[PDB]
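**Student:** Just passing along the structure, written as structure tokens.
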Amino acid sequence: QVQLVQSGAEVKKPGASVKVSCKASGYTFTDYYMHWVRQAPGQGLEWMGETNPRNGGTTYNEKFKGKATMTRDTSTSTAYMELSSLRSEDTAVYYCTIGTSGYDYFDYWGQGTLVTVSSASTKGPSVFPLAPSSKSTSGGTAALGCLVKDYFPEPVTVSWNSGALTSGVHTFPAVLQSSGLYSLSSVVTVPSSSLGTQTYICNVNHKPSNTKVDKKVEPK
Amino acid sequence: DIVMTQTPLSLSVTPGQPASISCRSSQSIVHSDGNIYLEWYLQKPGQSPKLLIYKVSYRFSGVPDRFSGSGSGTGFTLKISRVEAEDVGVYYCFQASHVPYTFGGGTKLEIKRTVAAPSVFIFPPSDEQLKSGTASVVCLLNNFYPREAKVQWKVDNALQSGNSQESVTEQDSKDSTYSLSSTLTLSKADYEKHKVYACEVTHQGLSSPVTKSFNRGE
């Protein structure tokens with residue numbers, strides 16, 4: 001079984017450089033072409049280049065001329081993508097991908113590497129309750145949630161009652177605020193008759209800052 | 001170099017009904033070997049793209065026979081004979097015939113379902129947040145169809161502008177509905193200076209707009 005293991009997510013300040021690695025295994029490295037593809041959040045796919053694993057030559061997308069350097073290490077079966085003079089526009093998930101058919105199109109992808117380019121510093125979120133009430137009821141159904149404010153960079157995950165609660169859960173995509181910090185909400189609709197009986201805790205995980213917040217949402 | 005353009009940009013199809021997505025290359029895409037390396041990928045949110053069709057018309061391993069590809073010259077079509085709920089995401093055409101290899105801008109396939117009005121809920125800021133000097137007021141529009149919706153914030157009947165941000169979830173996997181979260185951000189001092197907080201919701205499922213409100217400190 002073919003595997004492509006990429007290096008972890010990176011936070012970079014504008015003007016800095018990043019080097020992403022892609023470790024290949026489970027197949028003969030020189031058999032399949034290696035490609036680098038990026039996607040800015042909410043945008044399309046952008047082909048960066050194709051690396052020949054044997055001769056080490058890269059065919060580049062000219063948009064990345066003098067900015068991107070794509071290499072391969074035969075001894076470690078690892079591909080690298082280096083991107084210099086990083087700007088806000090370079091915030092994207094960077095993927096390495098191979099073509100298991102032997103041709104120039106690709107089919108097997110690495111997990112991706114989020115590279116966030118910003119002046120903002122890594123910060124864990126503030127977690128505030130969105131308490132249920134009568135203004136949050138709808139005929140035996142009540143809504144409640146957690147407001148996950150002022151964090152950097154993406155991503156955050158939200159679970160309810162350690163994963164025991166999944167029905168009626170809506171975790172909204174984050175919004176980037178003018179402060180350069182992210183904010184999101186996670187809601188859930190439950191029977192309004194469970195409000196006195198059932199405990200509701202949102203479990204907020206922000207791996208980039210090593211933050212884990214458990215917030216009980218009490219009724220009003 | 002070779003620009004890939006897709007038609008339509010998005011479409012909503014009833015499960016069981018056909019879907020057709022076109023791709024156009026700005027110039028011919030015949031590789032030196034005589035093959036046309038036109039591929040179709042499907043990308044689901046939070047996932048990497050999955051190869052469906054390669055060389056215009058060949059299905060990749062594990063791809064259901066409801067997906068088919070056709071085309072010649074500069075015009076290519078991906079067809080789904082009968083759409084399934086699992087087919088949702090962004091479809092991309094891609095050419096690996098002439099360097100630099102290029103993708104189309106994507107086609108979002110959505111599920112068409114019946115109109116459903118949203119359930120509207122308003123949340124005042126928490127007392128814990130107020131202690132830090134900021135007040136976030138949240139308006140929730142739950143389980144509606146179609147996506148098109150308007151949220152308007154009013155603070156003591158005065159229309160708010162430039163102090164709110166909204167977010168929409170992807171179509172629900174069970175009911176094919178959308179949900180929308182709108183957050184009104186004010187300072188504690190500004191929030192305490194006012195009483196009435198309302199969000200007015202405009203949607204196709206509602207005969208007239210629905211207003212959800214609260215009075216500060218009640």
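Just so we're on the same page: first chain in the structure tokens is A, next is B, and so on; residues restart at 1 for each chain, and ligands are numbered from 1 in the order they show up.
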Show me, as a ChimeraX atom specification, the residues of chain A whose atoms get within 8 Å of chain B, using only C-alpha atoms for the distance check.
**Tutor:** /A:44-47,49,59-62,104-107,109,111-112,128-132,135-138,143,170-175,185
**Student:** How would the residues just chosen look if you wrote them out with N, CA, C and O atoms as a short mmCIF file (atom, residue, chain, number, x, y, z; two decimals), in the first residue's frame?
**Tutor:**
data_model
loop_
_atom_site.label_atom_id
_atom_site.label_comp_id
_atom_site.auth_asym_id
_atom_site.auth_seq_id
_atom_site.Cartn_x
_atom_site.Cartn_y
_atom_site.Cartn_z
N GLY A 44 -9.84 27.56 -5.70
CA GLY A 44 -9.66 26.39 -6.54
C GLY A 44 -8.35 25.65 -6.37
O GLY A 44 -7.57 25.94 -5.47
N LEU A 45 -8.11 24.70 -7.27
CA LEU A 45 -6.87 23.93 -7.29
C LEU A 45 -5.87 24.58 -8.21
O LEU A 45 -6.23 25.06 -9.29
N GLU A 46 -4.61 24.62 -7.76
CA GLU A 46 -3.53 25.22 -8.51
C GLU A 46 -2.33 24.27 -8.60
O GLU A 46 -1.70 23.95 -7.58
N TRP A 47 -2.03 23.80 -9.81
CA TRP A 47 -0.90 22.91 -10.07
C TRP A 47 0.38 23.74 -10.01
O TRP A 47 0.50 24.77 -10.68
N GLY A 49 3.79 22.21 -9.92
CA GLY A 49 4.87 21.57 -10.65
C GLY A 49 4.86 20.07 -10.54
O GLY A 49 4.14 19.49 -9.73
N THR A 59 9.31 20.33 -13.70
CA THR A 59 8.64 21.17 -14.67
C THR A 59 7.74 22.02 -13.81
O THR A 59 6.95 21.50 -13.03
N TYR A 60 7.94 23.33 -13.88
CA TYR A 60 7.23 24.30 -13.06
C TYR A 60 6.09 24.98 -13.76
O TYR A 60 6.10 25.11 -14.99
N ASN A 61 5.14 25.47 -12.96
CA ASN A 61 4.09 26.37 -13.38
C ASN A 61 4.88 27.70 -13.26
O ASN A 61 5.41 28.00 -12.18
N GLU A 62 5.02 28.45 -14.37
CA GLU A 62 5.79 29.70 -14.43
C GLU A 62 5.34 30.80 -13.47
O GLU A 62 6.15 31.68 -13.15
N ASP A 104 1.00 11.52 -16.50
CA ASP A 104 1.16 12.87 -15.93
C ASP A 104 0.01 13.38 -15.09
O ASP A 104 0.14 14.43 -14.46
N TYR A 105 -1.10 12.66 -15.05
CA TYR A 105 -2.20 13.05 -14.17
C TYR A 105 -1.97 12.27 -12.85
O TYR A 105 -1.28 11.24 -12.83
N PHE A 106 -2.55 12.76 -11.77
CA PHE A 106 -2.32 12.18 -10.44
C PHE A 106 -3.60 11.60 -9.83
O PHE A 106 -4.70 11.92 -10.29
N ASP A 107 -3.46 10.72 -8.84
CA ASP A 107 -4.60 10.04 -8.23
C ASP A 107 -4.44 9.80 -6.73
O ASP A 107 -5.44 9.68 -6.05
N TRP A 109 -3.01 11.22 -3.14
CA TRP A 109 -2.66 12.48 -2.50
C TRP A 109 -2.18 12.32 -1.06
O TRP A 109 -2.72 11.49 -0.32
N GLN A 111 -1.77 14.02 2.84
CA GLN A 111 -2.84 14.57 3.69
C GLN A 111 -2.98 16.09 3.58
O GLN A 111 -3.98 16.66 4.02
N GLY A 112 -1.98 16.72 2.98
CA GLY A 112 -1.91 18.17 2.82
C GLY A 112 -1.21 18.83 3.98
O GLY A 112 -1.15 18.27 5.09
N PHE A 128 -17.19 30.83 24.68
CA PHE A 128 -18.37 31.39 25.34
C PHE A 128 -19.64 30.61 25.05
O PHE A 128 -19.81 30.13 23.93
N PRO A 129 -20.55 30.43 26.04
CA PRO A 129 -21.76 29.64 25.77
C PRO A 129 -22.82 30.44 25.02
O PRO A 129 -22.87 31.66 25.12
N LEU A 130 -23.63 29.73 24.22
CA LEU A 130 -24.78 30.29 23.53
C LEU A 130 -25.89 29.53 24.26
O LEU A 130 -26.29 28.44 23.86
N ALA A 131 -26.25 30.05 25.45
CA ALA A 131 -27.21 29.43 26.36
C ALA A 131 -28.59 29.25 25.74
O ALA A 131 -29.05 30.17 25.06
N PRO A 132 -29.27 28.11 25.96
CA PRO A 132 -30.65 27.99 25.46
C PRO A 132 -31.60 28.83 26.33
O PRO A 132 -31.30 29.11 27.49
N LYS A 135 -36.26 32.15 23.71
CA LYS A 135 -35.91 32.84 22.45
C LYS A 135 -35.10 31.90 21.53
O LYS A 135 -34.79 32.25 20.39
N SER A 136 -34.78 30.70 22.06
CA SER A 136 -34.08 29.63 21.36
C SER A 136 -34.88 28.31 21.33
O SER A 136 -34.30 27.25 21.08
N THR A 137 -36.23 28.37 21.52
CA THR A 137 -37.14 27.21 21.46
C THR A 137 -38.00 27.20 20.19
O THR A 137 -38.31 28.26 19.64
N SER A 138 -38.37 25.99 19.71
CA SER A 138 -39.17 25.77 18.50
C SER A 138 -40.01 24.48 18.61
O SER A 138 -39.68 23.46 17.99
N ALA A 143 -32.34 25.33 20.84
CA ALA A 143 -31.00 25.48 20.27
C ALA A 143 -30.03 26.06 21.30
O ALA A 143 -30.38 26.94 22.10
N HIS A 170 -24.36 21.57 14.22
CA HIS A 170 -23.89 22.35 13.08
C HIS A 170 -22.69 23.17 13.53
O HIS A 170 -22.85 24.08 14.36
N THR A 171 -21.49 22.82 13.02
CA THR A 171 -20.25 23.55 13.30
C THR A 171 -19.98 24.38 12.06
O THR A 171 -19.73 23.83 10.98
N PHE A 172 -20.07 25.69 12.21
CA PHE A 172 -19.93 26.65 11.12
C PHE A 172 -18.50 26.89 10.67
O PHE A 172 -17.61 26.92 11.51
N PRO A 173 -18.26 27.11 9.35
CA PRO A 173 -16.89 27.45 8.90
C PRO A 173 -16.41 28.70 9.62
O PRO A 173 -17.24 29.57 9.90
N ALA A 174 -15.11 28.81 9.94
CA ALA A 174 -14.60 30.00 10.63
C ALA A 174 -14.67 31.24 9.75
O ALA A 174 -14.67 31.12 8.52
N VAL A 175 -14.74 32.41 10.39
CA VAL A 175 -14.66 33.71 9.73
C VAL A 175 -13.35 34.35 10.20
O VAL A 175 -12.96 34.18 11.36
N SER A 185 -18.73 29.40 15.37
CA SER A 185 -19.74 28.93 16.29
C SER A 185 -20.12 27.50 15.96
O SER A 185 -19.98 27.06 14.81
#
**Student:** Tell me which protein, DNA and RNA residues are within 12 Å of residue 212 (chain A), counting only C-alpha atoms, leaving out same-chain ones fewer than 2 positions away, and put them as a list in words.
**Tutor:**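 Using only C-alpha atoms, the neighbours found are residues 124, 125, 126, 127, 148, 156, 157, 158, 159, 162, 202, 203, 204, 205, 206, 207, 208, 209, 210, 214 and 215 of chain A.
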**Student:** Considering only helix (DSSP H, G or I) as DSSP defines it on the backbone, what residues of chain A qualify? List them as a ChimeraX atom specification.
**Tutor:** /A:29-31,62-64,88-90,161-163,207-209
**Student:** Now that the selection is made, can you save its residues with N, CA and C atoms as a compact mmCIF listing (two decimals), in the first residue's frame?
**Tutor:**
# COMPACT_ATOMS: atom_id res chain seq x y z
N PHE A 29 9.87 4.40 -5.68
CA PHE A 29 9.87 5.86 -5.82
C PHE A 29 9.97 6.38 -7.26
N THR A 30 10.87 5.78 -8.07
CA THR A 30 11.10 6.22 -9.45
C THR A 30 10.02 5.82 -10.46
N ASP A 31 9.00 5.04 -10.03
CA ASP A 31 7.92 4.58 -10.92
C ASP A 31 6.87 5.64 -11.22
N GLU A 62 5.02 28.45 -14.37
CA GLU A 62 5.79 29.70 -14.43
C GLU A 62 5.34 30.80 -13.47
N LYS A 63 4.11 30.72 -12.94
CA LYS A 63 3.59 31.65 -11.93
C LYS A 63 4.51 31.61 -10.69
N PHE A 64 5.10 30.42 -10.41
CA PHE A 64 6.00 30.16 -9.27
C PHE A 64 7.51 30.24 -9.62
N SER A 88 0.39 36.93 1.95
CA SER A 88 -0.96 36.58 2.40
C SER A 88 -1.65 35.60 1.42
N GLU A 89 -1.44 35.81 0.11
CA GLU A 89 -1.95 35.04 -1.03
C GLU A 89 -1.44 33.59 -1.05
N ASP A 90 -0.34 33.30 -0.34
CA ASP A 90 0.26 31.96 -0.29
C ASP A 90 -0.33 31.09 0.83
N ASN A 161 -20.36 16.70 24.14
CA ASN A 161 -20.38 15.61 25.13
C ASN A 161 -19.41 14.48 24.77
N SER A 162 -18.13 14.86 24.47
CA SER A 162 -17.03 13.96 24.07
C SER A 162 -17.34 13.05 22.86
N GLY A 163 -18.23 13.52 21.98
CA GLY A 163 -18.62 12.79 20.78
C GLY A 163 -19.91 12.00 20.92
N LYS A 207 -5.39 22.43 18.16
CA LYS A 207 -4.07 21.77 18.12
C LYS A 207 -2.90 22.74 17.87
N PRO A 208 -3.00 23.76 16.96
CA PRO A 208 -1.87 24.69 16.78
C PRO A 208 -1.36 25.40 18.03
N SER A 209 -2.25 25.71 19.00
CA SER A 209 -1.84 26.36 20.24
C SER A 209 -1.78 25.40 21.43
**Student:** Show which residues sit within 12 Å of residue 69 (chain B), as a list in words. Count only C-alpha atoms, and ignore same-chain residues fewer than 4 positions away.
**Tutor:**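 That gives residues 19, 20, 21, 22, 23, 38, 39, 40, 41, 52, 53, 54, 55, 56, 57, 58, 59, 60, 63, 65, 75, 76, 77, 78, 79, 80, 81 and 93 of chain B.
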**Student:** Using N, CA, C and O atoms, can you write the selected residues to a file as a tab-separated table (two decimals), in the first residue's frame?
**Tutor:**
chain	number	residue	atom	x	y	z
B	19	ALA	N	-27.06	14.50	-14.25
B	19	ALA	CA	-26.29	15.73	-14.13
B	19	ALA	C	-25.28	15.72	-15.27
B	19	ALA	O	-24.81	14.65	-15.67
B	20	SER	N	-25.00	16.89	-15.81
B	20	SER	CA	-24.04	17.03	-16.90
B	20	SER	C	-23.15	18.23	-16.60
B	20	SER	O	-23.64	19.30	-16.22
B	21	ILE	N	-21.83	18.04	-16.66
B	21	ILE	CA	-20.87	19.11	-16.39
B	21	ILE	C	-19.93	19.21	-17.57
B	21	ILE	O	-19.35	18.20	-17.98
B	22	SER	N	-19.77	20.42	-18.11
B	22	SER	CA	-18.88	20.61	-19.25
B	22	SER	C	-17.61	21.30	-18.89
B	22	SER	O	-17.56	22.05	-17.91
B	23	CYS	N	-16.58	21.04	-19.69
B	23	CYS	CA	-15.28	21.64	-19.54
B	23	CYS	C	-14.77	22.04	-20.92
B	23	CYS	O	-14.83	21.25	-21.85
B	38	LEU	N	-7.42	14.56	-20.43
B	38	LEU	CA	-8.45	15.30	-19.73
B	38	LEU	C	-8.98	14.41	-18.59
B	38	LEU	O	-9.48	13.31	-18.83
B	39	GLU	N	-8.82	14.88	-17.33
B	39	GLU	CA	-9.29	14.17	-16.15
B	39	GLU	C	-10.41	14.92	-15.47
B	39	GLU	O	-10.47	16.14	-15.58
B	40	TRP	N	-11.25	14.20	-14.73
B	40	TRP	CA	-12.30	14.76	-13.88
B	40	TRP	C	-12.05	14.30	-12.45
B	40	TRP	O	-11.90	13.11	-12.20
B	41	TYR	N	-11.95	15.25	-11.52
B	41	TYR	CA	-11.76	14.96	-10.10
B	41	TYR	C	-13.01	15.39	-9.33
B	41	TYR	O	-13.63	16.38	-9.71
B	52	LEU	N	-11.89	10.51	-10.96
B	52	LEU	CA	-13.06	9.77	-11.42
B	52	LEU	C	-12.86	9.25	-12.83
B	52	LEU	O	-13.12	8.08	-13.10
B	53	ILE	N	-12.46	10.15	-13.74
B	53	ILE	CA	-12.28	9.88	-15.17
B	53	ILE	C	-10.91	10.36	-15.59
B	53	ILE	O	-10.49	11.44	-15.17
B	54	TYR	N	-10.24	9.61	-16.47
B	54	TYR	CA	-8.96	9.99	-17.05
B	54	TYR	C	-9.05	9.74	-18.56
B	54	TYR	O	-9.88	8.94	-18.99
B	55	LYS	N	-8.21	10.40	-19.35
B	55	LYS	CA	-8.17	10.28	-20.82
B	55	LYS	C	-9.57	10.43	-21.42
B	55	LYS	O	-10.03	9.56	-22.17
B	56	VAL	N	-10.28	11.51	-21.02
B	56	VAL	CA	-11.62	11.89	-21.48
B	56	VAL	C	-12.75	10.99	-20.99
B	56	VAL	O	-13.74	11.49	-20.45
B	57	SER	N	-12.64	9.67	-21.23
B	57	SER	CA	-13.73	8.72	-21.05
B	57	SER	C	-13.50	7.45	-20.24
B	57	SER	O	-14.42	6.64	-20.16
B	58	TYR	N	-12.32	7.24	-19.65
B	58	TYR	CA	-12.05	6.01	-18.89
B	58	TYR	C	-12.30	6.16	-17.40
B	58	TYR	O	-11.79	7.10	-16.80
B	59	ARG	N	-13.06	5.24	-16.79
B	59	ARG	CA	-13.31	5.28	-15.35
B	59	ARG	C	-12.10	4.76	-14.58
B	59	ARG	O	-11.58	3.69	-14.92
B	60	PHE	N	-11.69	5.49	-13.53
B	60	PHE	CA	-10.62	5.08	-12.64
B	60	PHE	C	-11.16	3.95	-11.74
B	60	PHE	O	-12.38	3.81	-11.62
B	63	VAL	N	-14.62	3.50	-9.49
B	63	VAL	CA	-15.61	4.53	-9.87
B	63	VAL	C	-16.90	3.90	-10.41
B	63	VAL	O	-16.82	3.11	-11.35
B	65	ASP	N	-20.29	3.00	-12.49
B	65	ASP	CA	-20.64	3.16	-13.90
B	65	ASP	C	-21.69	4.24	-14.22
B	65	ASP	O	-21.97	4.49	-15.39
B	75	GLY	N	-13.92	20.49	-26.25
B	75	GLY	CA	-15.13	20.33	-25.45
B	75	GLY	C	-15.24	18.97	-24.81
B	75	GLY	O	-15.13	17.95	-25.49
B	76	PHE	N	-15.41	18.94	-23.48
B	76	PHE	CA	-15.46	17.68	-22.72
B	76	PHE	C	-16.65	17.69	-21.79
B	76	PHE	O	-16.99	18.74	-21.25
B	77	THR	N	-17.28	16.53	-21.59
B	77	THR	CA	-18.44	16.45	-20.69
B	77	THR	C	-18.35	15.28	-19.72
B	77	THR	O	-18.05	14.16	-20.11
B	78	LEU	N	-18.66	15.55	-18.46
B	78	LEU	CA	-18.79	14.55	-17.43
B	78	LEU	C	-20.30	14.38	-17.21
B	78	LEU	O	-21.00	15.37	-16.98
B	79	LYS	N	-20.79	13.14	-17.26
B	79	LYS	CA	-22.20	12.86	-16.99
B	79	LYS	C	-22.36	11.89	-15.84
B	79	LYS	O	-21.60	10.92	-15.73
B	80	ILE	N	-23.34	12.17	-14.98
B	80	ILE	CA	-23.78	11.31	-13.89
B	80	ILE	C	-25.19	10.96	-14.32
B	80	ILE	O	-26.06	11.85	-14.39
B	81	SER	N	-25.40	9.69	-14.73
B	81	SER	CA	-26.70	9.22	-15.23
B	81	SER	C	-27.84	9.46	-14.21
B	81	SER	O	-28.90	9.95	-14.59
B	93	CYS	N	-12.28	19.71	-13.85
B	93	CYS	CA	-11.67	19.08	-15.00
B	93	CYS	C	-10.19	19.48	-14.90
B	93	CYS	O	-9.85	20.42	-14.17
**Student:** For a test of reading the model, state the distance in Å between CA of residue 216 (chain A) and CA of residue 166 (chain A), rounded to one decimal.
**Tutor:**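 A separation of 16.1 Å between them.
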**Student:** Which value, in Å to one decimal, gives the distance between CA of residue 53 (chain A) and CA of residue 10 (chain A)?
**Tutor:**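 According to the coordinates, CA of residue 53 (chain A) and CA of residue 10 (chain A) are separated by 25.3 Å.
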**Student:** Counting only C-alpha atoms, what is within 10 Å of residue 95 (chain A), bar same-chain residues fewer than 4 positions away, as a list in words?
**Tutor:**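 My list of contacting residues is residues 4, 6, 20, 21, 22, 35, 36, 37, 38, 39, 47, 48, 81, 109, 110, 111, 112, 113 and 114 of chain A; 48 of chain B.
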**Student:** Selection from above, N, CA, C and O atoms, as a compact mmCIF listing (two decimals), in the first residue's frame, can you write it?
**Tutor:**
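As a result, out.txt now contains:
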# COMPACT_ATOMS: atom_id res chain seq x y z
N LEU A 4 1.89 8.57 1.33
CA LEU A 4 2.53 9.87 1.16
C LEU A 4 2.30 10.62 2.46
O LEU A 4 1.15 10.97 2.77
N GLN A 6 3.13 13.81 4.73
CA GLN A 6 3.59 15.19 4.65
C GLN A 6 3.97 15.74 6.02
O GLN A 6 3.47 15.24 7.04
N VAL A 20 8.13 22.29 2.67
CA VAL A 20 7.21 21.19 2.97
C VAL A 20 7.85 19.91 2.47
O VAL A 20 8.36 19.90 1.36
N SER A 21 7.80 18.84 3.27
CA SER A 21 8.33 17.54 2.84
C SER A 21 7.18 16.57 2.57
O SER A 21 6.09 16.70 3.15
N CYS A 22 7.43 15.58 1.70
CA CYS A 22 6.48 14.55 1.32
C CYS A 22 7.23 13.22 1.25
O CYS A 22 7.88 12.94 0.24
N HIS A 35 3.81 15.39 -7.91
CA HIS A 35 3.30 16.73 -8.18
C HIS A 35 3.02 17.48 -6.90
O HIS A 35 2.75 16.88 -5.86
N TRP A 36 3.06 18.81 -6.98
CA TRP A 36 2.69 19.68 -5.88
C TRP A 36 1.49 20.50 -6.35
O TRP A 36 1.52 21.08 -7.44
N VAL A 37 0.38 20.41 -5.59
CA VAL A 37 -0.88 21.10 -5.88
C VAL A 37 -1.30 21.90 -4.63
O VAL A 37 -1.23 21.37 -3.52
N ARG A 38 -1.68 23.19 -4.79
CA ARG A 38 -2.14 23.96 -3.64
C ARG A 38 -3.58 24.46 -3.82
O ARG A 38 -4.09 24.54 -4.94
N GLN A 39 -4.23 24.78 -2.69
CA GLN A 39 -5.59 25.29 -2.65
C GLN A 39 -5.73 26.27 -1.49
O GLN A 39 -5.64 25.86 -0.32
N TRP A 47 -2.03 23.80 -9.81
CA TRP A 47 -0.90 22.91 -10.07
C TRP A 47 0.38 23.74 -10.01
O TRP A 47 0.50 24.77 -10.68
N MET A 48 1.32 23.31 -9.15
CA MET A 48 2.57 24.03 -8.91
C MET A 48 3.74 23.52 -9.75
O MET A 48 4.58 24.30 -10.20
N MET A 81 9.04 20.82 -1.37
CA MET A 81 8.51 22.00 -2.02
C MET A 81 8.93 23.14 -1.11
O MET A 81 8.50 23.20 0.04
N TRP A 109 -3.01 11.22 -3.14
CA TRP A 109 -2.66 12.48 -2.50
C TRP A 109 -2.18 12.32 -1.06
O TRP A 109 -2.72 11.49 -0.32
N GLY A 110 -1.24 13.17 -0.67
CA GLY A 110 -0.77 13.29 0.70
C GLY A 110 -1.90 13.92 1.50
O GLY A 110 -2.91 14.33 0.91
N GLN A 111 -1.77 14.02 2.84
CA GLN A 111 -2.84 14.57 3.69
C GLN A 111 -2.98 16.09 3.58
O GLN A 111 -3.98 16.66 4.02
N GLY A 112 -1.98 16.72 2.98
CA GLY A 112 -1.91 18.17 2.82
C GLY A 112 -1.21 18.83 3.98
O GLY A 112 -1.15 18.27 5.09
N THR A 113 -0.67 20.01 3.74
CA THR A 113 0.01 20.82 4.74
C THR A 113 -0.54 22.23 4.68
O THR A 113 -0.35 22.93 3.68
N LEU A 114 -1.22 22.65 5.75
CA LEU A 114 -1.73 24.01 5.83
C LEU A 114 -0.57 24.94 6.15
O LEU A 114 0.17 24.73 7.12
N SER B 48 -9.06 15.69 0.02
CA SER B 48 -8.25 15.87 -1.18
C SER B 48 -9.09 15.40 -2.38
O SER B 48 -9.98 14.56 -2.21
**Student:** Taking the DSSP assignment computed from this structure's backbone, write out as a ChimeraX atom specification all residues of region 33-136 of chain A that belong to strand (DSSP E or B).
**Tutor:** /A:34-39,46-51,58-60,68-73,78-83,92-98,108-109,113-117,123,126-130
**Student:** Might you pull out every residue within 9 Å of residue 111 (chain B), with only C-alpha atoms counted and same-chain residues fewer than 6 positions away left off, and present them as an MDAnalysis selection string?
**Tutor:** chainID B and resid 11:15 83:85 87:88 171 176
**Student:** Here is a test: counting only C-alpha atoms, which residue of B:34, B:18, B:185, B:10 is nearest to residue 67 (chain B)?
**Tutor:**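 With only C-alpha atoms as the atom set, the closest residue is B:18.
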**Student:** Work out how far apart CA of residue 44 (chain B) and CA of residue 62 (chain B) are and give it in Å to one decimal.
**Tutor:**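 These two atoms are separated by 16.7 Å.
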**Student:** Please list as a PyMOL selection string every residue within 7 Å of residue 215 (chain B), counting only C-alpha atoms and excluding residues in the same chain fewer than 3 positions away.
**Tutor:** chain B and resi 195-197+218
